[PDB]
Amino acid sequence: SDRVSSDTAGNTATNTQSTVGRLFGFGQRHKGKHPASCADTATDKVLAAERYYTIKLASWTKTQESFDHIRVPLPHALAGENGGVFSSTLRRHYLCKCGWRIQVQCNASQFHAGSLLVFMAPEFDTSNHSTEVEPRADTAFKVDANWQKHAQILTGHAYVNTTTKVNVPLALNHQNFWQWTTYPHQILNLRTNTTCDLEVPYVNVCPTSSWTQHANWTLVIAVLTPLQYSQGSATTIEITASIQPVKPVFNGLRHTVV
Amino acid sequence: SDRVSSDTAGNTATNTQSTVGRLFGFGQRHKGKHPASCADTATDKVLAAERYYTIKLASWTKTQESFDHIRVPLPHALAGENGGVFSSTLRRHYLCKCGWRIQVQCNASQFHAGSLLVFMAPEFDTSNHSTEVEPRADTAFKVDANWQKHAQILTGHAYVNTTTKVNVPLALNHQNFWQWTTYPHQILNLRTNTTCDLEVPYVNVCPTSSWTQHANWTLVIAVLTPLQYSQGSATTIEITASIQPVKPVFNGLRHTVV
Amino acid sequence: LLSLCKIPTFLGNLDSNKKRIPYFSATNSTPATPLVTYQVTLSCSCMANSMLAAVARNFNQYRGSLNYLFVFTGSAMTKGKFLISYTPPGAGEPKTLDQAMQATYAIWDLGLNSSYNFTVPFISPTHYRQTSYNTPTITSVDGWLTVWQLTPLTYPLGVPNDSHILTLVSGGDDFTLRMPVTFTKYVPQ
Amino acid sequence: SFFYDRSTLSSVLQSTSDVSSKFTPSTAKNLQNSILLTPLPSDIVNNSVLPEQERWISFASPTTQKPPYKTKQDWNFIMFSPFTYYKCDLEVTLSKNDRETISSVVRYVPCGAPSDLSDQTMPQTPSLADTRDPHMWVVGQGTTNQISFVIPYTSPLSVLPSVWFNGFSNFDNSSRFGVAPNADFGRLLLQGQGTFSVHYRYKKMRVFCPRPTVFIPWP
Amino acid sequence: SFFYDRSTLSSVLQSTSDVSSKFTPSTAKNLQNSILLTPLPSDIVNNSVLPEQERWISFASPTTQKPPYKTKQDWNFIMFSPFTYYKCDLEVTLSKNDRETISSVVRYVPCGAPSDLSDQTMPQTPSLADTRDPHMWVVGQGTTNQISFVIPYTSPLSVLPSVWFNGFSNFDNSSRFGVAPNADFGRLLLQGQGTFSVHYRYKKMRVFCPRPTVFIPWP
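Residue numbers (the entry's author numbering), protein chains in the order written: chain C, 11 to 268; chain C', 11 to 268; chain B, 44 to 232; chain A, 34 to 82, 89 to 188, 191 to 260; chain A', 34 to 82, 89 to 188, 191 to 260. A prime marks a further copy of an entry chain.
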């Protein structure tokens with residue numbers, strides 16, 4: 011009913027029929043103001059970049075447990091070729107400042123059970139935790155390919171070998187997921203909605219970001235209640251997301267990164 | 011929708027999501043006025059007694075036929091220990107005057123069929139009919155433990171042996187159930203509602219009641235349409251009730267009854 | 044910091060293998076005992092990892108409402124009714140449905156809306172109550188919250204017998220904490 | 034602001050050289066004679082000349104599996120910092136661990152400024168005092184063996202990361218992932234005999250973006 | 034108010050461990066290194082970790104049948120407290136029993152708050168100072184070997202029982218009958234060398250319900 015919602019962005023448009031509204035993190039929106047730390051007049055209002063970029067994220071199965079999650083580093087998740095003009099413009103600029111408008115999608119049925127927590131978090135560790143190796147430029151800002159387990163992050167994850175790990179009780183990349191709900195979020199309850207709509211402004215340690223070195227925002231999808239269904243019900247349950255950079259402004263035009 | 015209803019009474023509260031409204035018998039409510047037949051100032055407005063007392067009533071199976079019923083003598087159904095402070099106060103008073111606010115509960119599913127008639131009746135025979143024995147203090151005002159059949163009450167039930175019964179065509183405790191719908195009531199249709207809400211004022215042959223000798227009101231749940239369901243559907247269908255004495259007033263304080 | 048306390052966070056329920064999960068199970072039957080029992084203390088092991096408890100651990104006393112949020116995750120075809128009860132102390136834990144429904148309670152009916160927001164009223168002999176304790180006292184333990192199965196969860200064929208109800212807690216609208224302190228230290232693991 | 038506006042033990046310092054001598058970075062049973070001003074874990078990292092911010096905490100003993108830790112930090116801050124970024128001024132308190140008359144010189148170096156671990160330019164003078172940097176000098180039986188002062194936020198960053206920094210600090214991304222560049226309040230170098238405990242008090246404390254607290258073992 | 038607004042000897046404290054060390058509860062000839070702030074008799078009760092309020096006074100010596108007593112209290116208050124309940128703030132004075140230069144750290148713990156008898160989180164630092172709780176640190180030849188301060194009434198009780206409490210403190214009525222729950226002004230933990238005498242001064246003293254004074258032997 012009042013749950014039918016359409017949202018336009020450039021030459022793209024998202025549509026849902028089970029929305030529970032859009033949550034604005036910090037009750038703020040990125041207004042697109044130029045960073046006062048740059049003298050060069052920023053490149054902005056690029057319609058071809060102010061749109062929704064949709065990508066498949068993961069498959070939800072009965073094996074996932076509460077707090078298992080998928081991470082989507084930003085803006086990096088869209089710095090690839092599929093980032094269209096947002097990407098091609100980003101790659102050719104030293105700095106970028108922007109917010110995010112996101113909708114994650116996931117449908118099941120009236121006979122399926124389970125729920126996900128969809129949230130945005132600033133300075134949320136996106137590094138690989140299945141190794142004791144130091145994170146690198148090409149391994150630190152990648153969209154998770156597999157669901158991440160939860161136990162190994164409560165007290166953090168030090169990039170040191172297994173035997174040293176014993177004398178390291180806490181790492182600064184710790185994430186007490188029991189409170190992940192304190193981050194701007196929404197819940198995707200299979201019985202209620204098939205979409206979640208969020209939007210966050212630009213936050214960072216500085217006016218604009220040298221994105222090549224920093225993924226300030228992270229979109230995270232974690233299961234809260236495990237997926238359940240009986241014999242006969244659809245078994246393929248997938249999660250998708252439409253990500254829109256809100257009024258991105260670019261500074262420091264230069265040759266592209268490789 | 012407008013079928014979600016909550017009702018508070020003391021430290022209790024009933025909630026339903028399929029109400030069809032509350033029916034006020036005789037369009038009257040017990041206002042809690044003191045009986046003009048008593049000189050002693052009544053004890054009233056006892057919050058600990060003006061609440062909902064919830065009890066399990068019976069299990070509904072496919073074997074019940076139209077007009078089979080369960081009787082709940084009042085105030086006796088709550089004169090036991092589970093009657094809380096209403097009970098402990100009642101047992102220590104010679105007289106009691108009050109109305110009743112009741113909600114009977116019973117859920118099934120969109121795939122079950124059947125209906126019940128929920129009604130309140132004054133001077134409704136609550137005596138045992140499975141015997142020719144004279145009703146006694148401890149057998150006349152008890153909540154039915156088993157469903158009562160219907161045939162043996164159309165013309166009443168004389169407390170005389172089976173052979174005399176032949177020359178006794180009618181007894182004053184007769185109940186033409188074909189007209190039970192003339193009593194303040196509501197219907198619990200499995201396809202429509204899972205609750206019925208009724209309320210009746212105080213009626214009796216006198217200003218206040220010597221309850222120890224008289225159960226003036228009787229809550230009755232009778233099936234109108236037999237329970238039906240197919241193989242696989244939930245088989246356990248139970249009936250419950252929340253009973254609230256409306257503004258009870260007590261007179262004639264004395265030692266307790268045993 | 045109160046902002047955090049008001050964000051509903053997950054309670055830790057025990058799995059059949061004594062594992063901790065954010066929900067409890069219910070099926071086509073009405074047990075004579077509560078499905079879950081939470082002692083109202085910000086010290087409950089049950090809410091030990093909720094944001095509410097995490098913040099409360101750094102304060103001496105609290106006051107106000109507590110919100111227990113239950114989210115039904117069963118199928119859309121599953122129906123049923125629960126009786127959520129809050130029993131103040133003094134006469135011990137409620138042993139039967141008859142006892143539970145004699146205290147503060149709300150009947151939760153399943154349907155279109157998925158969750159039920161239950162409030163444990165602040166009923167106390169004192170204006171403030173302790174966040175933790177060595178031994179339970181009348182100023183640190185305030186009774187129990189038990190959820191019962193009023194009517195059995197009911198459903199058609201082709202539906203799993205067990206439904207999972209997510210459980211969360213947080214401070215209510217008039218909830219407050221006071222007196223900043225350090226909680227008993229422990230070794231992470 | 035009120036909660037964090039109170040002094041909490043956050044570090045310890047030790048020196049075995051006199052006031053009138055050249056300051057030289059040293060370590061003794063996990064105690065340096067200089068400190069990195071940050072509530073987060075700090076310690077000598079991979080043989081760094089001075090303490091740097093750590094990414095994890097380690098026990099001092101290789102056996103016990105029990106504290107003390109070899110890393111310096113405000114335990115109260117680490118155990119309870121439900122925010123991603125923070126902003127504040129720092130009130131530092133430095134106390135001598137015994138009653139022997141104090142005779143010490145401390146040099147405060149703003150966030151990211153030169154440490155200037157140079158020689159004495161004049162004989163028999165405390166090299167740490169040979170600077171325009173803010174420095175303190177306490178000595179005598181009239182003193183009360185302690186020092187306290191407040192410094193402003195000096196980091197080039199707008200706000201400091203309270204727990205993790207999901208990135209590198211240099212352009213070739215070779216630094217230790219997880220540590221932000223210049224995320225501190227400067228350093229404290231000390232000379233003179235003694236062991237001194239340090240306290241931090243967060244003035245006009247402001248926090249941003251709520252986040253999880255350190256997990257606690259299930260009772 | 035006037036009568037009780039004056040300092041009276043009410044306790045004595047003793048410590049044999051230095052400032053920069055881990056505080057550990059100890060007893061030596063009936064003197065602990067921590068105190069329970071209450072004018073009523075207090076002492077280690079049935080091997081309690089810290090002093091608790093007593094219900095009776097005992098001689099220190101098992102023979103003499105003469106004081107000192109092994110229990111701590113404000114003799115003037117016990118001998119003259121013609122009221123059942125009292126309300127007030129507490130001005131505490133702590134004095135070193137000899138002229139050796141003082142070097143001590145004292146921690147004040149509000150009524151019923153955690154004692155936090157934990158290890159040092161950093162080497163060579165007074166563990167008692169490793170808190171946000173109000174604590175005092177005095178040391179040096181410029182000091183005058185004493186400490187004084191005033192604390193507010195912190196008990197969760199509206200008024201404190203001055204003599205007896207006709208009841209138990211727990212729900213299973215297993216506590217020591219006669220002692221009220223949290224009927225004190227907190228505790229004082231001390232570290233550093235020395236023996237210190239303690240005084241109490243009852244600020245804005247208010248009393249309720251007149252009652253008998255301690256009986257005195259017939260002349």
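C-beta: ideal position from N, C-alpha, C; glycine also.
Taking the Cβ atom as the reference point for each residue, do residue i and residue j lie within a distance shorter than 8 Å?
| i | j | result |
| --- | --- | --- |
| residue 127 (chain B) | residue 212 (chain A') | no |
| residue 111 (chain C) | residue 209 (chain C) | yes |
| residue 72 (chain A) | residue 38 (chain A) | no |
| residue 125 (chain B) | residue 212 (chain B) | no |
| residue 210 (chain B) | residue 102 (chain B) | no |
| residue 128 (chain C) | residue 198 (chain C) | yes |
| residue 108 (chain C) | residue 212 (chain C) | yes |
| residue 36 (chain A) | residue 223 (chain B) | yes |
How many angstroms separate the CA atom of residue i from the CA atom of residue j?
| i | j | result |
| --- | --- | --- |
| residue 83 (chain C') | residue 228 (chain C') | 5 Å |
| residue 81 (chain A') | residue 59 (chain A') | 11 Å |
| residue 136 (chain B) | residue 22 (chain C') | 17 Å |
| residue 176 (chain C') | residue 200 (chain C') | 40 Å |
| residue 138 (chain C) | residue 119 (chain B) | 38 Å |
| residue 174 (chain C') | residue 168 (chain C') | 9 Å |
| residue 229 (chain A) | residue 240 (chain A) | 12 Å |
| residue 147 (chain A') | residue 167 (chain A') | 9 Å |
| residue 198 (chain A) | residue 209 (chain A) | 14 Å |
| residue 129 (chain A') | residue 165 (chain C) | 43 Å |
| residue 86 (chain C') | residue 116 (chain C') | 23 Å |
| residue 221 (chain B) | residue 201 (chain A) | 27 Å |
Determine the DSSP secondary structure at residue i, reduced to helix, strand or coil.
| i | result |
| --- | --- |
| residue 141 (chain A') | coil |
| residue 235 (chain A') | strand |
| residue 100 (chain C) | helix |
| residue 230 (chain B) | coil |
| residue 123 (chain A) | strand |
| residue 261 (chain C) | strand |
| residue 113 (chain A) | coil |
| residue 157 (chain C') | coil |
| residue 56 (chain A') | coil |
| residue 160 (chain B) | strand |
| residue 178 (chain A) | strand |
| residue 143 (chain B) | helix |
Mind listing the chain A' neighbours of residue i? Cutoff is C-beta to C-beta under 7 Å, in chain order.
| i | result |
| --- | --- |
| residue 39 (chain A) | 171 |
| residue 45 (chain A) | 161, 162, 163 and 164 |
| residue 64 (chain A) | 162 |
Applying a beta-carbon distance threshold of less than 7 Å, which residues of chain A neighbour residue i?
| i | result |
| --- | --- |
| residue 178 (chain C) | 95, 96 and 97 |
| residue 97 (chain B) | 254 |
State the beta-bridge partners of residue i as determined by DSSP.
| i | result |
| --- | --- |
| residue 227 (chain C') | C':84 and C':132 |
| residue 261 (chain A) | With chain A covering only 34 through 260, there is no way to say anything about residue 261 (chain A). |
| residue 244 (chain A') | A':128 |
| residue 36 (chain A) | Answer by DSSP bridge pairing: none, since residue 36 (chain A) is not bridged. |
Name, please, each residue of chain B whose Cβ falls closer than 7 Å to the Cβ of residue i.
| i | result |
| --- | --- |
| residue 118 (chain C') | 197 |
| residue 191 (chain C) | 50, 51, 52 and 94 |
Who are the neighbours of residue i on chain A, taking C-beta pairs under 8 Å?
| i | result |
| --- | --- |
| residue 182 (chain A') | 183 |
| residue 235 (chain A') | Here the premise fails: no neighbours, minimum Cβ distance about 10 Å. |
For residue i, which residues in chain C fall below 8 Å Cβ to Cβ?
| i | result |
| --- | --- |
| residue 202 (chain B) | 121 and 240 |
Can you pull the chain C residues whose beta carbon is under 7 Å from the beta carbon of residue i, in chain order?
| i | result |
| --- | --- |
| residue 117 (chain B) | 123 |
Kindly list, in the order they appear in chain C, the residues whose Cβ is closer than 9 Å to that of residue i.
| i | result |
| --- | --- |
| residue 77 (chain A) | Neighbours of residue 77 (chain A) on chain C: none; closest Cβ ~15 Å, over 9 Å. |
| residue 120 (chain B) | 120 and 121 |
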